[PDB]
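Enquirer: This is coords22.tsv, which holds TSV, C-alpha atoms and all ligand atoms:
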```
chain	number	residue	atom	x	y	z
A	2	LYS	CA	0.00	0.00	0.00
A	3	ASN	CA	3.09	2.22	0.31
A	4	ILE	CA	5.01	3.64	-2.66
A	5	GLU	CA	8.26	2.07	-1.44
A	6	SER	CA	6.89	-1.33	-2.44
A	7	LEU	CA	6.41	-0.26	-6.07
A	8	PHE	CA	10.04	0.10	-7.12
A	9	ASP	CA	13.38	-1.64	-7.41
A	10	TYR	CA	16.30	0.40	-6.07
A	11	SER	CA	19.77	0.99	-7.46
A	12	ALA	CA	22.64	0.05	-5.17
A	13	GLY	CA	23.14	3.80	-4.73
A	14	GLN	CA	19.54	4.55	-3.76
A	15	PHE	CA	19.33	1.57	-1.40
A	16	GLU	CA	22.65	2.25	0.34
A	17	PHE	CA	21.93	5.95	0.77
A	18	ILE	CA	18.62	5.28	2.53
A	19	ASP	CA	20.36	2.69	4.72
A	20	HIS	CA	23.05	5.26	5.59
A	21	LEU	CA	20.44	7.96	6.28
A	22	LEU	CA	18.59	5.80	8.79
A	23	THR	CA	21.81	4.49	10.35
A	24	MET	CA	23.22	8.01	10.76
A	25	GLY	CA	19.87	8.98	12.25
A	26	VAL	CA	20.27	6.27	14.88
A	27	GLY	CA	23.81	7.34	15.71
A	28	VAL	CA	22.91	11.02	16.07
A	29	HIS	CA	19.97	10.37	18.41
A	30	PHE	CA	21.77	7.94	20.70
A	31	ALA	CA	24.84	10.19	20.74
A	32	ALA	CA	22.59	13.08	21.79
A	33	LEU	CA	20.99	10.81	24.39
A	34	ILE	CA	24.27	10.57	26.28
A	35	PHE	CA	24.59	14.36	26.16
A	36	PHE	CA	21.12	14.94	27.59
A	37	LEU	CA	21.79	12.30	30.26
A	38	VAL	CA	24.98	13.90	31.55
A	39	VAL	CA	23.67	17.51	31.48
A	40	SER	CA	20.48	16.52	33.35
A	41	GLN	CA	22.29	16.94	36.69
A	42	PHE	CA	22.69	20.65	35.96
A	43	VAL	CA	18.95	21.16	35.58
A	44	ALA	CA	16.83	22.38	38.49
A	45	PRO	CA	14.15	19.95	39.78
A	46	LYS	CA	11.27	21.98	38.31
A	47	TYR	CA	12.73	21.68	34.80
A	48	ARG	CA	14.64	18.38	34.98
A	49	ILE	CA	11.79	16.39	33.42
A	50	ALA	CA	12.10	18.59	30.32
A	51	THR	CA	15.60	17.19	29.83
A	52	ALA	CA	14.47	13.67	30.74
A	53	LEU	CA	11.83	13.87	28.01
A	54	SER	CA	14.61	14.54	25.50
A	55	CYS	CA	16.29	11.32	26.65
A	56	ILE	CA	12.96	9.55	26.19
A	57	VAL	CA	12.53	11.04	22.70
A	58	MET	CA	16.11	10.13	21.70
A	59	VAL	CA	15.58	6.44	22.47
A	60	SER	CA	12.05	6.36	21.03
A	61	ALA	CA	13.14	8.04	17.81
A	62	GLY	CA	16.43	6.15	17.73
A	63	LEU	CA	14.58	2.84	18.03
A	64	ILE	CA	12.10	3.65	15.27
A	65	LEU	CA	14.96	4.67	12.97
A	66	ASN	CA	16.83	1.49	13.94
A	67	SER	CA	13.73	-0.59	13.24
A	68	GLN	CA	13.20	1.11	9.87
A	69	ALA	CA	16.82	0.42	8.90
A	70	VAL	CA	16.64	-3.29	9.69
A	71	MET	CA	13.25	-3.47	7.98
A	72	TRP	CA	14.89	-1.84	4.95
A	73	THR	CA	17.68	-4.43	4.73
A	74	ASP	CA	15.28	-7.30	5.55
A	75	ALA	CA	12.85	-6.37	2.78
A	76	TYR	CA	15.30	-5.94	-0.10
A	77	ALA	CA	18.02	-8.07	-1.65
A	78	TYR	CA	20.39	-7.46	-4.53
A	79	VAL	CA	18.95	-9.49	-7.42
A	80	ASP	CA	19.80	-9.22	-11.14
A	81	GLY	CA	21.51	-5.85	-10.75
A	82	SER	CA	19.13	-4.03	-8.37
A	83	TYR	CA	17.65	-4.18	-4.88
A	84	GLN	CA	14.29	-5.92	-5.13
A	85	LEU	CA	11.49	-6.55	-2.66
A	86	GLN	CA	11.58	-9.98	-1.02
A	87	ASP	CA	9.19	-11.57	1.48
A	88	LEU	CA	9.34	-9.00	4.27
A	89	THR	CA	7.87	-5.52	3.86
A	90	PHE	CA	8.92	-1.92	4.47
A	91	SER	CA	6.53	0.82	5.58
A	92	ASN	CA	6.68	4.33	7.02
A	93	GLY	CA	3.44	3.53	8.84
A	94	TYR	CA	5.34	2.64	12.00
A	95	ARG	CA	6.68	6.20	12.17
A	96	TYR	CA	3.10	7.38	12.56
A	97	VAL	CA	2.46	4.99	15.45
A	98	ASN	CA	5.62	6.19	17.19
A	99	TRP	CA	4.55	9.85	16.83
A	100	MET	CA	1.61	9.00	19.11
A	101	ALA	CA	4.23	8.87	21.86
A	102	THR	CA	7.02	11.17	20.68
A	103	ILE	CA	4.94	14.20	19.75
A	104	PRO	CA	3.28	14.40	23.19
A	105	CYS	CA	6.81	14.22	24.67
A	106	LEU	CA	8.05	17.09	22.50
A	107	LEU	CA	5.00	19.14	23.49
A	108	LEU	CA	5.26	18.39	27.19
A	109	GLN	CA	8.88	19.50	27.50
A	110	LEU	CA	7.92	22.81	25.87
A	111	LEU	CA	5.12	23.41	28.38
A	112	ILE	CA	7.53	22.67	31.22
A	113	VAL	CA	10.13	25.29	30.25
A	114	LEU	CA	7.26	27.72	29.62
A	115	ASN	CA	6.77	27.45	33.40
A	116	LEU	CA	3.22	26.11	33.10
A	117	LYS	CA	2.03	24.42	36.28
A	118	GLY	CA	-0.80	22.42	37.82
A	119	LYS	CA	-4.22	22.95	36.26
A	120	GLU	CA	-3.12	24.99	33.25
A	121	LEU	CA	-0.35	22.48	32.55
A	122	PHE	CA	-2.70	19.49	32.65
A	123	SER	CA	-5.44	21.15	30.59
A	124	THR	CA	-3.06	22.54	27.94
A	125	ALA	CA	-1.25	19.21	27.65
A	126	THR	CA	-4.55	17.39	27.25
A	127	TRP	CA	-5.77	19.65	24.45
A	128	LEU	CA	-2.38	19.60	22.72
A	129	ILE	CA	-2.20	15.81	22.83
A	130	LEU	CA	-5.77	15.38	21.58
A	131	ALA	CA	-4.98	17.74	18.71
A	132	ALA	CA	-1.72	15.90	17.95
A	133	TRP	CA	-3.41	12.50	18.07
A	134	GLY	CA	-6.14	13.69	15.71
A	135	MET	CA	-3.43	14.90	13.33
A	136	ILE	CA	-1.42	11.66	13.50
A	137	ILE	CA	-4.38	9.28	13.18
A	138	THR	CA	-5.98	11.05	10.22
A	139	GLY	CA	-2.57	11.26	8.57
A	140	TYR	CA	-1.97	7.57	9.26
A	141	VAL	CA	-5.26	6.73	7.56
A	142	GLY	CA	-4.38	9.07	4.70
A	143	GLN	CA	-1.08	7.39	3.84
A	144	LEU	CA	-2.86	4.01	3.58
A	145	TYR	CA	-4.05	5.39	0.23
A	146	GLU	CA	-0.82	6.93	-1.06
A	147	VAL	CA	-0.76	4.27	-3.80
A	148	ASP	CA	-4.42	3.29	-4.26
A	149	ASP	CA	-6.23	6.62	-3.88
A	150	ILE	CA	-4.25	9.88	-4.08
A	151	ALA	CA	-7.45	11.92	-3.81
A	152	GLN	CA	-8.20	10.20	-0.50
A	153	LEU	CA	-4.64	10.82	0.67
A	154	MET	CA	-5.24	14.52	0.00
A	155	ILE	CA	-8.56	14.78	1.83
A	156	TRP	CA	-7.32	12.96	4.94
A	157	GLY	CA	-4.24	15.18	4.74
A	158	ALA	CA	-6.46	18.25	4.72
A	159	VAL	CA	-8.25	17.06	7.85
A	160	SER	CA	-4.88	16.27	9.43
A	161	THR	CA	-3.58	19.72	8.51
A	162	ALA	CA	-6.56	21.29	10.31
A	163	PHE	CA	-5.47	19.52	13.51
A	164	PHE	CA	-1.88	20.55	12.75
A	165	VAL	CA	-2.80	24.22	12.37
A	166	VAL	CA	-4.97	24.23	15.51
A	167	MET	CA	-2.24	22.46	17.50
A	168	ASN	CA	0.30	25.03	16.30
A	169	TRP	CA	-2.03	27.84	17.35
A	170	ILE	CA	-2.22	26.46	20.89
A	171	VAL	CA	1.58	26.18	20.90
A	172	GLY	CA	2.11	29.73	19.59
A	173	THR	CA	-0.49	31.16	21.97
A	174	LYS	CA	1.11	29.54	25.03
A	175	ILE	CA	4.64	30.50	23.94
A	176	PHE	CA	4.00	34.17	23.19
A	177	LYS	CA	1.78	34.53	26.26
A	178	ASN	CA	4.17	32.91	28.75
A	179	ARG	CA	7.32	34.29	27.14
A	180	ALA	CA	7.40	37.09	29.74
A	181	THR	CA	7.59	34.62	32.64
A	182	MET	CA	10.90	33.19	31.45
A	183	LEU	CA	14.27	33.83	33.04
A	184	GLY	CA	17.88	34.37	32.01
A	185	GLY	CA	16.96	35.85	28.65
A	186	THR	CA	15.26	32.65	27.50
A	187	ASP	CA	12.22	34.79	26.70
A	188	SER	CA	14.16	35.51	23.51
A	189	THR	CA	15.29	31.91	22.98
A	190	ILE	CA	11.79	30.42	23.21
A	191	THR	CA	10.73	32.52	20.23
A	192	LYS	CA	13.33	30.81	18.05
A	193	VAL	CA	12.05	27.49	19.39
A	194	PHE	CA	8.57	28.33	18.05
A	195	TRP	CA	9.93	29.05	14.57
A	196	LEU	CA	12.12	25.94	14.70
A	197	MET	CA	8.96	23.91	15.37
A	198	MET	CA	7.01	25.57	12.56
A	199	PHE	CA	9.84	24.86	10.15
A	200	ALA	CA	10.75	21.30	11.18
A	201	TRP	CA	7.25	19.94	11.75
A	202	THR	CA	6.09	21.25	8.35
A	203	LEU	CA	8.62	18.95	6.66
A	204	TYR	CA	6.47	15.94	7.65
A	205	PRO	CA	3.37	16.84	5.62
A	206	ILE	CA	5.73	17.63	2.72
A	207	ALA	CA	7.08	14.08	2.97
A	208	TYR	CA	3.46	12.90	3.19
A	209	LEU	CA	2.69	14.47	-0.20
A	210	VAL	CA	5.71	12.96	-1.97
A	211	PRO	CA	3.57	10.17	-3.47
A	212	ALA	CA	1.50	12.92	-5.11
A	213	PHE	CA	4.31	14.91	-6.72
A	214	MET	CA	7.18	12.44	-7.04
A	215	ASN	CA	5.94	8.87	-7.31
A	216	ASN	CA	9.21	7.14	-8.17
A	217	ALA	CA	12.26	5.63	-6.46
A	218	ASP	CA	13.94	9.04	-6.23
A	219	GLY	CA	10.81	10.30	-4.47
A	220	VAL	CA	11.26	7.47	-1.96
A	221	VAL	CA	14.79	8.72	-1.29
A	222	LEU	CA	13.54	12.31	-1.01
A	223	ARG	CA	10.99	11.35	1.65
A	224	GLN	CA	13.62	9.60	3.80
A	225	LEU	CA	15.88	12.61	3.32
A	226	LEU	CA	13.11	14.93	4.50
A	227	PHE	CA	12.36	12.72	7.52
A	228	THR	CA	16.06	12.81	8.43
A	229	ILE	CA	16.24	16.61	8.30
A	230	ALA	CA	12.94	16.83	10.17
A	231	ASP	CA	13.77	14.25	12.86
A	232	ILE	CA	17.12	15.79	13.70
A	233	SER	CA	15.68	19.33	13.72
A	234	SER	CA	12.45	18.58	15.63
A	235	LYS	CA	13.95	16.24	18.21
A	236	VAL	CA	17.71	16.78	18.51
A	237	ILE	CA	18.26	20.49	17.77
A	238	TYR	CA	14.94	21.23	19.48
A	239	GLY	CA	15.94	19.12	22.48
A	240	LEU	CA	19.26	20.95	22.70
A	241	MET	CA	17.42	24.29	22.78
A	242	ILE	CA	14.88	23.12	25.36
A	243	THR	CA	17.72	21.86	27.57
A	244	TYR	CA	19.69	25.08	27.11
A	245	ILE	CA	16.56	26.98	28.14
A	246	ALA	CA	16.06	24.69	31.14
A	247	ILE	CA	19.67	25.15	32.33
A	248	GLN	CA	19.65	28.91	31.82
A	249	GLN	CA	16.40	29.31	33.77
A	250	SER	CA	17.73	26.98	36.47
A	251	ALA	CA	20.81	29.15	36.90
A	252	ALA	CA	18.70	32.30	36.96
A	253	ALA	CA	16.49	30.72	39.63
A	254	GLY	CA	19.57	30.12	41.80
A	255	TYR	CA	20.21	26.44	41.10
A	256	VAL	CA	23.93	26.17	41.88
A	257	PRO	CA	24.87	23.20	39.65
A	258	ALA	CA	23.33	25.10	36.73
A	259	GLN	CA	25.30	28.22	37.64
A	260	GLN	CA	28.50	26.20	38.00
A	261	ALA	CA	27.91	24.39	34.69
A	262	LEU	CA	27.41	27.58	32.67
A	263	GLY	CA	30.45	28.98	34.48
A	264	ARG	CA	32.75	26.31	33.07
A	265	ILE	CA	31.73	27.38	29.56
A	301	LIG	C1	9.53	13.71	15.75
A	301	LIG	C2	8.36	13.63	14.89
A	301	LIG	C3	7.57	14.69	14.66
A	301	LIG	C4	7.86	16.03	15.27
A	301	LIG	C5	6.42	14.51	13.75
A	301	LIG	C6	5.60	15.49	13.39
A	301	LIG	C7	4.54	15.11	12.45
A	301	LIG	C8	3.71	15.97	11.85
A	301	LIG	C9	3.79	17.46	12.10
A	301	LIG	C10	2.74	15.40	10.90
A	301	LIG	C11	1.94	16.15	10.14
A	301	LIG	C12	0.96	15.63	9.14
A	301	LIG	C13	0.21	16.57	8.53
A	301	LIG	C14	0.11	17.94	9.14
A	301	LIG	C15	-0.55	16.34	7.24
A	301	LIG	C16	-0.17	15.00	6.64
A	301	LIG	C17	-0.25	13.94	7.72
A	301	LIG	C18	0.83	14.16	8.77
A	301	LIG	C19	0.45	13.30	9.98
A	301	LIG	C20	2.14	13.66	8.16
A	302	LIG	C1	19.76	19.27	10.23
A	302	LIG	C2	20.09	18.75	8.84
A	302	LIG	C3	20.52	17.29	8.86
A	302	LIG	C4	20.91	16.82	7.46
A	302	LIG	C5	20.90	15.30	7.36
A	302	LIG	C6	21.18	14.81	5.94
A	302	LIG	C7	22.67	14.57	5.70
A	302	LIG	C8	22.94	13.91	4.34
A	302	LIG	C9	22.14	14.63	3.27
A	302	LIG	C10	22.24	14.26	1.85
A	302	LIG	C11	23.30	14.84	0.95
A	302	LIG	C12	22.92	14.58	-0.50
A	302	LIG	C13	23.35	13.18	-0.93
A	302	LIG	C14	23.28	13.00	-2.44
A	302	LIG	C15	22.12	12.10	-2.85
A	302	LIG	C16	22.54	11.12	-3.93
A	302	LIG	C17	21.33	10.60	-4.70
A	302	LIG	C18	21.23	9.09	-4.57
A	302	LIG	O1	22.26	8.38	-4.62
A	302	LIG	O2	20.12	8.54	-4.42
A	303	CL	CL	13.45	23.80	41.14
A	304	CL	CL	9.56	9.55	16.35
```
Using the file provided, produce a representation of the structure as C-alpha cells.

Expert:
Amino acid sequence: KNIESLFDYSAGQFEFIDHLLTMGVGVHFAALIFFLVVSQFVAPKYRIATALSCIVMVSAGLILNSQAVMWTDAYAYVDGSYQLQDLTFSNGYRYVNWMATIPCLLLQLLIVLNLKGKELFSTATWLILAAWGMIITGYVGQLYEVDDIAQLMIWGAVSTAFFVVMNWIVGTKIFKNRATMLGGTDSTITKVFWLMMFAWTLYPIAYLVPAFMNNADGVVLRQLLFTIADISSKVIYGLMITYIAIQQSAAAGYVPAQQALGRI
C-alpha cells in the first residue's frame, strides 16, 4: 500500500537510505548521552524537560533502527538491483511512534514555559488530543498513497486542520508565557517556536511525496526529509529546550546550573 513497495532500487539509492537511517540512529543515541549527563545541571522543576529529551532520543532512535533493519530485511540485490523480497517496508510505523514522541516534545515545551498544575494538565490534554487527531488522520491518509491519491489529500487536509490548531495552541502559550521566562530565554523560546514551525512542516511535505514524485527518487527524497525533520524537531529542538532549562535553572539560583554555565 506504500510507494516504497512499487520500485526496485539501485545500489546507490538503497545504500543511501540505509546510511540515512543508520546516521539517524547514531545522532539520536549520541545526543541521548549528552542529555543524560547535562540533566544533573537542571533544576528539579525543569529536569523532566531534559528527561523527556532522553525519552525522545531512544524512542526516535529505536524507530529509525527498526526502519533500517526493515529496509535491509525487505530488499536483496537481485539481477543488478535491490528488489522486494518476502518482508515488507513501511513508514506507517513512524506514525504509530509519533503518538508517543509528539506528546513528549510538546510536554517539555510546556515545562520550560513554566506552566504548572491545572493549566499544565489542561493545555497538555488539548495539545495531545490535537496531535493525536493529526497523527491518526494522517496515518489513515497514507494508507491510500498508492491506491487513492485523492483520499490521501482529503485525509491530509483534515490532518492539517489539527496541525494548524495544534500550532495555534503552541504559539499562543509560547507568546503569552514568554514574559515569565528567566535568564533571557524569553528571547530563545521565540526561536524554538519558529524551529517547530519549520521542522514539523517537513512531515506533511514528505506525506505528499507520493503525489508529486511517485518514483524511487521520491522514496529517497521522503527519507531525506524525515532525516532533516527528525534531527531538527527532536535533537536540535531538544538541545534548545535543555539550554533553556539550564539557563532558567541558573537564573532561579540552582547552583549546579550556575556552575555548569560557568565552566563554559
Ligand atoms: C519527531 C516527529 C515529529 C515532530 C512529527 C511530526 C509530524 C507531523 C507534524 C505530521 C503532520 C501531518 C500533517 C500535518 C498532514 C499530513 C499527515 C501528517 C500526519 C504527516
Ligand atoms: C539538520 C540537517 C541534517 C541533514 C541530514 C542529511 C545529511 C545527508 C544529506 C544528503 C546529501 C545529498 C546526498 C546526495 C544524494 C545522492 C542521490 C542518490 O544516490 O540517491
Ligand atoms: Cl526547582
Ligand atoms: Cl519519532

Enquirer: Need to verify the contact set: residue 230 of chain A, 10 Å, only C-alpha atoms, exclusion of same-chain residues closer than 6 positions in sequence. Can you return it as a PyMOL selection string?

Expert: chain A and resi 197+199-204+207+224+236-237

Enquirer: Counting all atoms listed in the file, which residues of chain A fall within 7 Å of ligand CL 303 (chain A), and what is the closest atom pair for each with its distance in Å at one decimal, ordered by chain and rising number, as a tab-separated table?

Expert:
```
residue	atom	partner	partner_atom	distance
A:44	CA	A:CL303	CL	4.5
A:45	CA	A:CL303	CL	4.1
A:46	CA	A:CL303	CL	4.0
A:47	CA	A:CL303	CL	6.7
```

Enquirer: So that I can see what lies close to residue 216 of chain A, please list as a list in words the residues with an atom at most 8 Å from it, counting only C-alpha atoms and leaving out residues fewer than 3 positions away in the same chain.

Expert: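 Counting only C-alpha atoms, the residues come to residues 4, 8, 211, 219 and 220 of chain A.
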
Enquirer: Measuring atom to atom with only C-alpha atoms, identify which of A:238, A:94, A:169, A:133 is nearest to residue 192 of chain A.

Expert: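 Between A:238, A:94, A:169, A:133, the residue approaching residue 192 of chain A most closely is A:238.
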
Enquirer: Show me which residues are within 10 Å of ligand CL 304 (chain A) counting all atoms listed in the file, and format the list as a PyMOL selection string.

Expert: chain A and resi 57-65+94-103+105-106+227+231+234-235

Enquirer: Neighbours of residue 70 of chain A within 12 Å (only C-alpha atoms; same-chain residues fewer than 6 positions away dropped), as a list in words?

Expert: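 My list of contacting residues is residues 18, 19, 20, 22, 23, 26, 63, 64, 76, 88, 89, 90 and 91 of chain A.
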
Enquirer: Which residues, protein or nucleic acid, reach to within 9 Å of (9.3, 21.7, 24.9) in the file's coordinates when using all atoms listed in the file, and can you give that as an mmCIF file with C-alpha atoms, keeping the file's coordinate frame?

Expert:
```cif
data_model
loop_
_atom_site.group_PDB
_atom_site.id
_atom_site.type_symbol
_atom_site.label_atom_id
_atom_site.label_comp_id
_atom_site.auth_asym_id
_atom_site.auth_seq_id
_atom_site.Cartn_x
_atom_site.Cartn_y
_atom_site.Cartn_z
ATOM 1 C CA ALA A 50 12.100 18.590 30.320
ATOM 2 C CA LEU A 53 11.830 13.870 28.010
ATOM 3 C CA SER A 54 14.610 14.540 25.500
ATOM 4 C CA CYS A 105 6.810 14.220 24.670
ATOM 5 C CA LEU A 106 8.050 17.090 22.500
ATOM 6 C CA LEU A 107 5.000 19.140 23.490
ATOM 7 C CA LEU A 108 5.260 18.390 27.190
ATOM 8 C CA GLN A 109 8.880 19.500 27.500
ATOM 9 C CA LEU A 110 7.920 22.810 25.870
ATOM 10 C CA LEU A 111 5.120 23.410 28.380
ATOM 11 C CA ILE A 112 7.530 22.670 31.220
ATOM 12 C CA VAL A 113 10.130 25.290 30.250
ATOM 13 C CA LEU A 114 7.260 27.720 29.620
ATOM 14 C CA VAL A 193 12.050 27.490 19.390
ATOM 15 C CA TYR A 238 14.940 21.230 19.480
ATOM 16 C CA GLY A 239 15.940 19.120 22.480
ATOM 17 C CA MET A 241 17.420 24.290 22.780
ATOM 18 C CA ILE A 242 14.880 23.120 25.360
ATOM 19 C CA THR A 243 17.720 21.860 27.570
#
```

Enquirer: Please measure the separation of atom CA of residue 139 of chain A and atom CA of residue 232 of chain A, giving the value in Å to one decimal.

Expert: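 Spanning atom CA of residue 139 of chain A to atom CA of residue 232 of chain A is a straight-line distance of 20.8 Å.
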
Enquirer: Please check which protein, DNA or RNA residues sit within 9 Å of ligand LIG 302 (chain A), counting only C-alpha atoms and all ligand atoms, and write them as a PDB file with C-alpha atoms, in the coordinates of the input.

Expert:
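Produced file selection.pdb, reproduced below:
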```
ATOM      1  CA  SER A  11      19.770   0.990  -7.460  1.00  0.00           C
ATOM      2  CA  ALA A  12      22.640   0.050  -5.170  1.00  0.00           C
ATOM      3  CA  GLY A  13      23.140   3.800  -4.730  1.00  0.00           C
ATOM      4  CA  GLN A  14      19.540   4.550  -3.760  1.00  0.00           C
ATOM      5  CA  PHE A  15      19.330   1.570  -1.400  1.00  0.00           C
ATOM      6  CA  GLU A  16      22.650   2.250   0.340  1.00  0.00           C
ATOM      7  CA  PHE A  17      21.930   5.950   0.770  1.00  0.00           C
ATOM      8  CA  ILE A  18      18.620   5.280   2.530  1.00  0.00           C
ATOM      9  CA  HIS A  20      23.050   5.260   5.590  1.00  0.00           C
ATOM     10  CA  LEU A  21      20.440   7.960   6.280  1.00  0.00           C
ATOM     11  CA  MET A  24      23.220   8.010  10.760  1.00  0.00           C
ATOM     12  CA  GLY A  25      19.870   8.980  12.250  1.00  0.00           C
ATOM     13  CA  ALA A 217      12.260   5.630  -6.460  1.00  0.00           C
ATOM     14  CA  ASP A 218      13.940   9.040  -6.230  1.00  0.00           C
ATOM     15  CA  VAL A 221      14.790   8.720  -1.290  1.00  0.00           C
ATOM     16  CA  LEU A 222      13.540  12.310  -1.010  1.00  0.00           C
ATOM     17  CA  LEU A 225      15.880  12.610   3.320  1.00  0.00           C
ATOM     18  CA  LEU A 226      13.110  14.930   4.500  1.00  0.00           C
ATOM     19  CA  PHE A 227      12.360  12.720   7.520  1.00  0.00           C
ATOM     20  CA  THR A 228      16.060  12.810   8.430  1.00  0.00           C
ATOM     21  CA  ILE A 229      16.240  16.610   8.300  1.00  0.00           C
ATOM     22  CA  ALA A 230      12.940  16.830  10.170  1.00  0.00           C
ATOM     23  CA  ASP A 231      13.770  14.250  12.860  1.00  0.00           C
ATOM     24  CA  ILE A 232      17.120  15.790  13.700  1.00  0.00           C
ATOM     25  CA  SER A 233      15.680  19.330  13.720  1.00  0.00           C
ATOM     26  CA  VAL A 236      17.710  16.780  18.510  1.00  0.00           C
ATOM     27  CA  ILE A 237      18.260  20.490  17.770  1.00  0.00           C
TER      28      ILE A 237
END
```

Enquirer: Rounded to one decimal, what separation in Å do you get between atom CA of residue 68 of chain A and atom CA of residue 92 of chain A?

Expert: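 Between atom CA of residue 68 of chain A and atom CA of residue 92 of chain A the gap works out to 7.8 Å.
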
Enquirer: What lies within 7 Å of segment 134-137 of chain A using all atoms listed in the file, ignoring chain neighbours under 2 positions off, as a list in words?

Expert: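 The filter keeps residues 96, 100, 130, 131, 132, 139, 140, 141, 160, 161, 163 and 164 of chain A.
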
Enquirer: In the coordinates of the file, take the point (-1.6, 33.2, 27.6) and a cut-off of 12 Å; then, counting only C-alpha atoms, name each qualifying protein, DNA or RNA residue as a compact mmCIF listing (two decimals) with C-alpha atoms, keeping the file's coordinate frame.

Expert:
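Writing the result to result_21.txt gives the following:
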```
# COMPACT_ATOMS: atom_id res chain seq x y z
CA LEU A 111 5.12 23.41 28.38
CA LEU A 114 7.26 27.72 29.62
CA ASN A 115 6.77 27.45 33.40
CA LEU A 116 3.22 26.11 33.10
CA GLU A 120 -3.12 24.99 33.25
CA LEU A 121 -0.35 22.48 32.55
CA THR A 124 -3.06 22.54 27.94
CA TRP A 169 -2.03 27.84 17.35
CA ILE A 170 -2.22 26.46 20.89
CA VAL A 171 1.58 26.18 20.90
CA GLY A 172 2.11 29.73 19.59
CA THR A 173 -0.49 31.16 21.97
CA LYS A 174 1.11 29.54 25.03
CA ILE A 175 4.64 30.50 23.94
CA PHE A 176 4.00 34.17 23.19
CA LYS A 177 1.78 34.53 26.26
CA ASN A 178 4.17 32.91 28.75
CA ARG A 179 7.32 34.29 27.14
CA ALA A 180 7.40 37.09 29.74
CA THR A 181 7.59 34.62 32.64
```

Enquirer: Smallest atom-to-atom distance to ligand LIG 301 (chain A): which of A:73, A:152, A:189, A:86, using only C-alpha atoms and all ligand atoms?

Expert: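 Among A:73, A:152, A:189, A:86, it is A:152 that comes nearest to ligand LIG 301 (chain A).
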
Enquirer: Which is closer to ligand LIG 301 (chain A) than all the others in A:28, A:153, A:247, A:55, using all atoms listed in the file?

Expert: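 Under the stated criterion, the closest residue is A:153.
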
Enquirer: Counting all atoms listed in the file, which of A:191, A:215, A:138, A:250 gets nearest to ligand LIG 301 (chain A)?

Expert: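 Smallest distance to ligand LIG 301 (chain A) is found for A:138.
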
Enquirer: Out of A:213, A:75, A:244, A:143, which residue has the shortest atom-to-atom distance to residue 36 of chain A when counting only C-alpha atoms?

Expert: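 Among the listed residues, the smallest separation from residue 36 of chain A belongs to A:244.
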
Enquirer: Here is a test: counting only C-alpha atoms and all ligand atoms, which residue of A:256, A:56, A:245, A:214 is nearest to ligand LIG 301 (chain A)?

Expert: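 Using only C-alpha atoms and all ligand atoms, the shortest distance to ligand LIG 301 (chain A) belongs to A:56.
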
Enquirer: Enclose the full set of atoms of segment 57-60 of chain A listed in the file within a box whose edges lie along x, y and z, apply 8 Å of padding to each of the six sides, and report centre and edge lengths in Å to one decimal as lines of an AutoDock Vina configuration file.

Expert:
```
center_x = 14.1
center_y = 8.7
center_z = 21.9
size_x = 20.1
size_y = 20.7
size_z = 17.7
```

Enquirer: What is the atom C12 of ligand LIG 301 (chain A) to atom CA of residue 148 of chain A distance in Å?

Expert: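 So the answer is 19.0 Å.
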